[PDB]
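Q: Sharing a structure below in structure tokens format, with a few things to ask.
Here it is in structure tokens:
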């Protein structure tokens with residue numbers, strides 16, 4: 088049967104675990120285990136205002152948990168709205184990589200955002216892992 | 088970099104391509120290509136009312152496209168709401184497998200729904216991608 | 088059981104889908120789907136004169152379908168004959184990459200031709216997909 | 088770049104290494120190494136009369152090498168001819184599994200024959216591999 | 088570069104994480120994380136007396152850590168000695184599966200022991216991860 | 088069921104097949120088959136004095152077999168002792184790559200040594216394969 092994304096349990100150092108939309112449900116148990124193993128993981132959840140979940144849970148499991156709630160405008164096709172989440176996603180990552188330094192970046196979310204986020208990462212020389 | 092789920096381009100016959108939440112964006116190009124290759128693909132999109140997308144696009148690409156919009160109750164933690172989508176998902180699949188017969192089922196969505204949907208599928212003897 | 092080569096359904100742009108010998112049977116459904124998805128795929132079938140297949144089918148499915156029928160000389164061990172197909176294969180690819188520009192090259196055929204064809208591709212900086 | 092099918096080097100016992108068409112070129116070095124490692128490998132090459140290759144080489148490398156040359160009828164589309172090879176392939180395998188007993192079956196050839204051959208194998212409870 | 092065995096982080100329930108010889112070094116961080124995620128993992132380290140490691144560390148990370156130190160007889164080729172570890176490995180597993188019930192078994196060690204241990208597991212209907 | 092590391096059977100040329108601790112048991116059948124296929128494989132077994140195995144067997148199967156027995160100091164936690172094997176491992180590899188030239192390096196041993204050995208290999212531009 089289907090299982091969570093198989094990931095290696097090592098000390099990579101400082102990890103940026105990203106979860107887009109409901110993708111955060113899956114990164115939760117992963118980020119929790121990396122922190123316990125000795126990794127400084129900071130999670131980022133980018134989704135719509137009415138969809139944040141596990142906020143309380145992973146602020147207590149990682150060194151730092153970031154939530155970027157994008158407003159769900161119901162006057163536009165959903166595509167127009169995802170475009171906003173995609174934007175907020177590049178901006179925050181670009182901002183976190185241009186800010187502090189990371190040892191690894193891991194993400195789980197639509198393959199269209201994984202691509203856009205990969206572009207920002209290959210930009211800074213930080214290794215990545217995609218679901 | 089990251090790419091769409093690599094899938095085989097064959098004639099499996101009748102395919103049920105499922106997309107949960109934004110997972111439908113990815114199944115779209117896949118189901119479109121399977122139809123053109125000679126597969127009778129019917130897509131199912133289970134998500135919240137304010138999140139259906141590509142509806143028009145894949146009704147024109149597949150033999151049949153089904154959308155099950157679950158009401159987003161803003162008076163409950165999001166977990167309580169996903170539970171409704173998970174329910175609507177088992178019910179519709181159970182209903183489609185208990186109804187017509189399929190050659191293959193393929194799904195893209197949270198791993199928690201993929202599990203629940205896999206239980207319904209292993210139940211009927213239909214292979215899952 | 089065994090299934091067709093699992094491939095990603097994206098818009099890479101202009102694709103050169105190659106099929107050596109009976110390998111064309113498998114690339115057919117793949118190239119057909121890539122065209123429909125928005126890719127400018129041109130297929131190349133290199134085989135012996137008495138073995139071309141699906142010619143009609145994939146000329147209608149891709150922007151352009153090329154067939155290079157090599158004469159099957161029955162006065163030589165089959166090895167000596169495959170050598171001619173291997174030659175015709177490097178030449179046509181070298182010619183198509185030195186000619187137009189491609190975004191991706193995908194091939195299905197004996198692993199000995201996949202190697203020789205890979206050498207020509209790494210030569211032009213075009214990404215590839217093997218087995 | 089592309090390499091031969093990665094395979095495990097163990098003693099499975101009696102192995103039936105199958106190579107359809109030019110697929111035999113690849114199974115050759117594989118079957119040769121399995122024999123040397125202590126496996127009783129018998130290879131089967133199913134192809135058209137004008138395409139047998141490596142016959143001498145692998146009769147010397149395996150316990151037994153079988154060649155089934157199917158006549159290439161030039162008065163029919165190649166599809167009609169492959170159908171004959173597909174048939175000869177099911178028949179000989181069915182015949183070899185219904186005859187002696189095997190510990191493993193490994194095959195390299197078009198994915199359409201790998202399927203048909205897999206059906207015959209799942210029939211006898213013998214474990215299998217592909218290309 | 089090479090990394091640890093990629094594994095899924097889920098609640099399978101009760102997990103038997105096995106580490107043969109130095110294989111225990113790798114299962115350590117894995118079993119530690121599974122316990123934290125809500126799994127009742129009990130680790131088993133089968134090796135020679137002069138090779139046990141991380142004993143203290145994983146008794147504190149898992150519900151239960153088992154160590155089976157096999158005596159290293161220096162009067163026999165190493166092959167003859169590994170045979171003893173392979174034996175102690177089948178026996179303890181057979182004993183733990185015939186005893187309590189498990190939801191999953193995961194192992195890291197030579198491929199020759201993974202096979203022998205797999206035979207014992209397929210015997211009881213317990214799923215395995217290599 | 089679990090099987091040996093699936094590996095490709097080709098002529099890479101000169102191969103350095105490394106086996107740490109009991110990892111040598113698995114590389115044995117692999118290195119034996121590579122030699123027979125036309126590869127100049129030299130195996131290296133790094134382990135503790137009381138753990139060398141297959142020495143006789145693979146000196147007869149490869150062009151050259153190297154054994155580096157590290158003394159097992161029983162007055163230190165096993166971790167302190169593995170550190171010595173890890174050291175002897177980098178040194179001998181560094182020494183073999185700085186000495187002769189290789190076409191490929193393949194290793195099977197703890198993932199902590201595979202990493203340390205990979206650093207030495209990426210240093211000389213020699214391609215590698217892990218377990």
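Residue numbers (the authors' numbering), protein chains in the order written: chain B, 88 to 218; chain A, 88 to 216; chain F, 88 to 218; chain E, 88 to 218; chain C, 88 to 217; chain D, 88 to 218.
From the three backbone atoms N, C-alpha and C, an ideal C-beta is built for every residue, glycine too.
1) So if DSSP puts residue 127/E in a beta bridge, which residue, or which two residues, is it bridged to?
2) Is residue 153/E helix, strand or coil by DSSP?
3) Classify residue 94/A as helix, strand or coil using the three-state DSSP reduction.
4) Measure the CB-CB distance between residue 106/D and residue 198/C and report whether it falls below 7 Å.
5) Please state the DSSP three-state secondary structure of residue 148/B.
6) Since I believe residue 112/C is in contact with residue 140/C (beta carbons under 8 Å), could you give me their beta-carbon distance rounded to a whole number of angstroms?
7) Does the region 183-190 of chain F come close enough to the region 175-194 of chain C that 3 or more CB-CB pairs lie under 8 Å?
8) Tell me which residues share the same chain as residue 153/C and place their Cβ nearer than 6 Å to its Cβ, disregarding the 5 neighbours each side in the sequence.
9) Find the nearest neighbour of residue 200/C within the set 179/C, 211/C, 213/C, judged by alpha-carbon distance.
10) With residue 217/B as the anchor, note down where its alpha helix (DSSP H) starts and where it stops.
11) Within a Cβ cutoff of 6 Å, which residues of the same chain sit near residue 117/D, ignoring the five residues on either side of it in sequence?
12) Between which two residues does the beta strand (DSSP E) harbouring residue 191/E extend?
13) Under 9 Å between beta-carbons, which chain B residues line up against residue 129/A? List them in chain order, please.
14) Give the interface partners of residue 174/B over in chain A, defined as CB-CB distance under 7 Å, in chain order.
15) Could you pull the start and end residues of the alpha helix (DSSP H) that residue 199/F belongs to?
16) I believe residue 176/E touches residue 204/E by the beta-carbon criterion, under 8 Å. Please report the beta-carbon distance rounded to the nearest angstrom.
17) Taking the alpha carbon of residue 126/A as the point to measure from, which residue in 125/F, 182/F, 119/F has its own alpha carbon closest?
18) Residues in its own chain within less than 6 Å of residue 207/B by CB, not counting five upstream and five downstream?
19) Rounded to a whole number of angstroms, what is the C-alpha to C-alpha distance between residue 110/F and residue 88/C?
20) To which residues does DSSP link residue 107/A through a beta bridge?
21) Let me see if you follow: with CB-CB separation under 7 Å, is residue 123/E close to chain D or not?
22) Got a sec, what are the start and stop residues for the alpha helix (DSSP H) residue 180/C sits in?
23) When burial is assigned at 16 or more other CB atoms within 10 Å of the CB, is residue 212/B buried or exposed?
24) Using a threshold of 7 Å, state whether the C-beta atoms of residue 129/A and residue 103/A are closer than that.
25) Between 124/A, 171/A, 100/A, which has its C-alpha nearest residue 96/F's C-alpha?
26) Residue 115/F versus chain E: which residues are under 9 Å apart at the beta carbon?
27) Do residue 166/C and residue 137/C count as a contact pair if the criterion is CB distance below 7 Å?
28) So which of 196/C, 114/C, 216/C has the shortest CA-CA distance to residue 148/C?
29) Taking 7 Å as the CB-CB cut-off, is residue 182/D touching chain E?
30) Taking the straight line between their C-alpha atoms, what separation do you get for residue 142/A and residue 194/E?
31) Counting only the same chain and skipping the five closest in sequence on each side, list residues whose C-beta sits under 6 Å from that of residue 100/A.
32) Which value, in whole angstroms, describes the spacing of the CA atoms of residue 170/E and residue 121/D?
A: Taking the definition as stated:
1) Beta-bridge pairing links residue 127/E to 101/E.
2) Under the three-state reduction of DSSP output, residue 153/E falls in the strand class.
3) Collapsing the DSSP output to three states places residue 94/A in a strand.
4) Their beta carbons are not under 7 Å apart, which means residue 106/D does not touch residue 198/C by this criterion.
5) Looking at residue 148/B - three-state DSSP - the assignment turns out to be coil, as it is neither helix nor strand.
6) The pair is a contact, with the Cβ atoms about 7 Å apart (cut-off 8 Å).
7) Segments in contact, no.
8) Closer than 6 Å at Cβ, skipping near neighbours: 131.
9) With distances taken between CA atoms, residue 200/C lies nearest to 179/C out of 179/C, 211/C, 213/C.
10) No alpha helix (DSSP H) holds residue 217/B; the beta strand (DSSP E) holding it covers 215-217.
11) For residue 117/D, where only same-chain residues beyond five positions count, the Cβ hits under 6 Å are 94.
12) 191-195 is the extent of the beta strand (DSSP E) around residue 191/E.
13) Ordered by position in chain B, no residue passes the 9 Å Cβ test against residue 129/A, which lies about 21 Å from the chain.
14) For residue 174/B, no chain A residue has a C-beta closer than 7 Å to its own C-beta; the minimum C-beta separation is roughly 15 Å.
15) In the DSSP assignment, residue 199/F falls within the unbroken alpha helix (DSSP H) covering 198-209.
16) Confirmed, about 6 Å.
17) The shortest C-alpha separation from residue 126/A is found at 119/F.
18) Closer than 6 Å at Cβ, skipping near neighbours: 177, 180, 181.
19) Cα-Cα distance, rounded: 34 Å.
20) 133/A, per the DSSP bridge assignment.
21) Chain D places a beta carbon closer than 7 Å to that of residue 123/E, counting this residue as a contact.
22) Residue 180/C -> alpha helix (DSSP H) spans 165-185.
23) Residue 212/B should be labelled exposed.
24) Cβ distance < 7 Å, so residue 129/A and residue 103/A count as in contact.
25) The option with the nearest alpha carbon to residue 96/F is 124/A.
26) By Cβ distance, chain E contributes nothing, its closest Cβ being about 11 Å from residue 115/F, past 9 Å.
27) No, they are not a contact pair.
28) The candidate whose alpha carbon is nearest that of residue 148/C is 114/C.
29) By this cut-off, residue 182/D is not an interface position.
30) Approximately 43 Å between the Cα atoms of the pair.
31) Excluding positions up to five away in sequence, the list reads 190.
32) Between the alpha carbons of residue 170/E and residue 121/D lies a gap of roughly 37 Å.
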